[PDB]
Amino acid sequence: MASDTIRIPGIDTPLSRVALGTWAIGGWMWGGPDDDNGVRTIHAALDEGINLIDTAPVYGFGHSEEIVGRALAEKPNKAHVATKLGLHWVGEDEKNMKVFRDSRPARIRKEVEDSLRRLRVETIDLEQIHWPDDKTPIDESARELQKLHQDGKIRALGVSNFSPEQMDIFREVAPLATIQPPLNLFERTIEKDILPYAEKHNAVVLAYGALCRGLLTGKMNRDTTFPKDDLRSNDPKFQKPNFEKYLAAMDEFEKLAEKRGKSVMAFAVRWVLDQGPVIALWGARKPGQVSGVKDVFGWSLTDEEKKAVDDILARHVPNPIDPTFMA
C-alpha cells in the first residue's frame, strides 16, 4: 500500500511521493492577473492527491510563497508546505537584484518570520537550508533552527546541496528529516553518496529536476534549440554532439515506457521514486501541467525495467573516461 506515500519524521500525516515544486509559480517577483494560474495550479495539484508543496523565499523574492499562502487560504486542504532559507536578496527588482548565501542566525530568524507571514501559517512544516553558507559554520545555523523548532515555529528540518560531512555537523545539533538533492535518469551523481546517506540516517529525499530540464519530457527532438537567455544554451547535454545521444536514449526509454502504456515523462519520474526513500518534486506553471502526476502513482519499476534503464544509458551516454591512469 505504501508506494504512493512516505512519512517525513516530525510530520504526522504521510506525504504523497510526488510534491508540487513552485519555481514556476510566482517565479517572477511582480505579480498580476497571471497569479491566478498559479493558484489554479496549486489547486489542481491538491486534487491529484499531492499534499506536499515545496517552495522558497527566493522564488520571485517572496512572491511564490505569497501565492502558495493565497492558494491554501482559498481552498479547504490538508497540505503541508516545505520552504527554504539561506539566500539573501538585495535590490529593487529582477534587473538589479543581487542574491547571495546567508545563513547567519539573525537572517535565519528573520526568514522564518517572513515565511510564516507569507504562507499565512503559525508553524512551518518543513524548513530547509537552501545552500550551505561558506562564511557561517553549519553549527551556528542548525543551532538557530533547532531553537525555532522548540519555540514551535518549525516542525521538521532539512538541507539541500550539503556534503555528507556538512550533514554530519548539522545532525550533531539538530535532527535531519530531509535532504533535497538533484536527481534524474541522466544525472545520477548523488547515488554514490547522498542516497546511501539518507538510507543510513533515515532522512527522506526530496529529489529535484527529475525531468532533466525538459530532456526527459519526451517533447524535445533533434530540432530543439534554445535562446541566448536560456541556461540550456550553455549546457553540453543540449548541444551537439551530446544532445543526440540523450535524444537517442530517450527514444528507447519511450519504447520501454510504452510497454506499460506509460508516457516517458511519467516513467522518468517513477524511476526517480524507485531509487530510494524519495519524493519527486514536480514543477508546473499552469493547471494542465499537473495532469500527468496521476500516471506516476500506482505502480513501480520492475528489476528488469531498472536493468533496461542502465543498459540504455550505457549504450548511448557512457560515463567519460578519467584523464588520470587507472589500473
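From 1 onward, residues are counted along the sequence shown.
In this entry, 225 to 233 shows the higher mean Cα temperature factor of the pair 158 to 166 and 225 to 233. Set 9 to 17 against 309 to 317 and average the Cα temperature factors; 309 to 317 ends up higher. Between the residues 282, 297, 59, 267, the entry's highest C-alpha temperature factor is the one at 297. Of all the options 96, 136, 146, 83, the entry's greatest CA B-factor is assigned to 96. The deposited CA B-factor of residue 277 belongs to the lowest third of values across its chain.
Looking at the C-alpha B-factors along this chain, the one for residue 70 belongs to the lowest third. When the modelled residues of the chain are ordered by their C-alpha B factor, residue 43 lands in the lowest third. In the deposited entry, the Cα temperature factor of residue 241 places it in the highest third of its chain's modelled residues. In this PDB entry, the Cα temperature factor of residue 187 sits in the middle third of its chain's modelled residues.
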